[PDB]
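*Asks:* only geometry, no sequence info:
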């Protein structure tokens, strides 16, 4: 809203391999464009949702925010790294600040990292977040029955795992109004094995089956919005296409999977709070649809 | 661009069955919103691209247009009806006028109708239009090497059949630069048979296999953009999800299939040249990408 041919051309030239040149080059472009703060957005840092040192969340709101939708964002980083805050950048305060500006309560989290903590640490941590919100978010102007979980890459894998595996649900049915899954990995059995997946799901890919989210995503009643990027690496594109295939086969219907022209793996979430409005709008529009 | 929750709710209430009330009610809403004329857009009516009475096209352009992309629109109507013009409405002049405003040559066409004419009349007609444009469009401001074919429903089936069974043939010279397929039926072997499909593909569905476009779409080198609507009837959603499955399977990639939130089967093309800008922008953005 609107990305130029020129920006598209630059992301294309960074390529569709997840390399340091690509990730870093992307972050550098969007870091200079995204709003990371707003004096009207109050930020409470490092609320503790569990005992682990990484069981922390930052909460974003305006003074007038009441009875509001709650948008949680779960960062990526291949399960082994990343943060809610990257210093000297506006990420991911951008998403928190955007949420607050849109009339929501914004929430960004960290979670326990692989390989020290392996599956199902992810959905455990999300369950603890949901629990914390249920008990506390009313105090910050949130409605605890209007929680929307969003995540990117590994963060989207974690959201998906929470959805799929009712053993980790915080309350009956999951306790969330919807979820947004931006370029995630959903089926551990068809995923191309790599060091990152090995770190989180364990050394032997032949044992990864019970951690698959795909069947649970297909069967869920929780409203889902998903995205895939034009210049996403191969496996992210495959996983997205597989999801659409399985959904269509199960339901004789087409799921809300958005194709993001001009974007790459990192750019969608990093574009929120920039002059490029489309991704922010899509996110906000979905939040309001599923919380009405 | 931006479609309100209220408009989404009118369209949702009209339903996902292709009924008169759904078709008619949609046309009625958008007919009052779309621009159907612009005094700076010069229109030439009913150029004859073939012998049949329905081999006609209307050309739209501005005085300063030169060497421009050429956007062709092929209307829907179940293969058996429809027109490039519906009196007392702006359809589909809206699309021709929008194209001209965006710096293109816009073209709207009619074609031979089923059941008087059956497959392969559709790809024949489209071939004739391409041939005519290659020989004549330059004087109207177009570049014959920048033709983009767009269609909706049966029109999209026709465009897809041109791609699958024609586009790569030496007879097409350089061919077309791209195609836009809006809620089309692409695979005659998995489509749910109905009277419309019977009108066009023949009385016996077991004989519809050679008319399938699916394999040819999957194999084409012509850039494709597709759309599927949130409130599309079942079989359009199934065909769209099937396309994504087969593409992902053949190419380990995700094709340009757009999910249109809040739209139904007719709203997308009808929204072009309204205050809802998203669909017009998507279309115009694709045209410029593939004709650079």
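*Replies:* Perfect, thanks for sending it. Numbers count the residues shown, from 1 in each chain, chains lettered A, B, ... in the order given.

*Asks:* and the closest residue to residue A:224 other than its chain neighbours, which of the three is it?
*Replies:* Leaving out its chain neighbours, the residue that sits closest to residue A:224 by Cβ to Cβ, 6 or more residues apart in numbering or on different chains is residue A:179, at 5.6 Å. Backbone N, C-alpha and C define where each C-beta goes, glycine included. The local conformation at residue A:179, judged by DSSP: H, G, I helix; E, B strand; the rest coil, is strand.

*Asks:* tell me the contacts of residue A:179?
*Replies:* Applying Cβ atoms under 8 Å, 6 or more residues apart in numbering or on different chains to residue A:179 gives the contacts A:148, A:149, A:150, A:159, A:160, A:163, A:222, A:223, A:224, A:225.

*Asks:* again with residue A:220
*Replies:* Residues in contact with residue A:220 (Cβ under 8 Å, 6+ apart) are A:163, A:164, A:174.

*Asks:* what's the answer for residue A:219, then?
*Replies:* Contacts for residue A:219 were tallied using Cβ under 8 Å, 6+ apart; they are residue A:250.

*Asks:* ok, now how distant is the residue nearest to residue A:224 from residue B:56?
*Replies:* Residue A:179 sits at a distance of 50 Å from residue B:56 (criterion: Cβ to Cβ, to the nearest Å).

*Asks:* over to residue A:225?
*Replies:* 43 Å.

*Asks:* swap in residue A:22?
*Replies:* For residue A:22, the distance to residue B:56 equals 50 Å [Cβ to Cβ].

*Asks:* setting aside sequence neighbours, what's the nearest residue to residue A:150?
*Replies:* Residue A:150 sits nearest to residue A:180 (Cβ to Cβ, 6+ apart), 3.8 Å away.

*Asks:* just give the number of residues close to the one you found.
*Replies:* 29 (other Cβ atoms under 10 Å in any protein chain shown).

*Asks:* could you measure it against residue A:290, distance?
*Replies:* For residue A:180 relative to residue A:290 (Cβ to Cβ), the value is 10 Å.

*Asks:* which positions in the stretch 101-250 of chain A make contact with chain B?
*Replies:* Counting by Cβ under 8 Å from any Cβ of the partner chain, the residues of the stretch 101-250 of chain A close to chain B are A:228, A:230, A:232, A:234, A:237-238, A:240-242, A:244-245, A:247-249.

*Asks:* next up, phi/psi of residue A:73, please.
*Replies:* phi -120, psi 130 (degrees, to the nearest 10).

*Asks:* what is it paired to in the beta sheet?
*Replies:* Per DSSP bridges, residues listed as beta-bridge partners of residue A:73: residue A:108, residue A:150.

*Asks:* tell me how far the most centrally placed residue in chain A lies from residue A:208.
*Replies:* Within chain A, one residue has its C-alpha closest to the average C-alpha position: by Cα atoms, centre = their mean, that is residue A:151, at 0.6 Å. Applying Cβ to Cβ, the value for residue A:151 to residue A:208 is 19 Å.

*Asks:* contacts only, for residue A:217.
*Replies:* A:160, A:163, A:164, A:186, A:224, A:243.

*Asks:* the stretch 151-292 of chain A: helices as residue ranges?
*Replies:* Taking DSSP state H, counting those that start in this stretch as the criterion, the stretch 151-292 of chain A contains helices spanning A:154-164, A:195-201, A:214-219, A:234-251, A:267-270, A:278-290.
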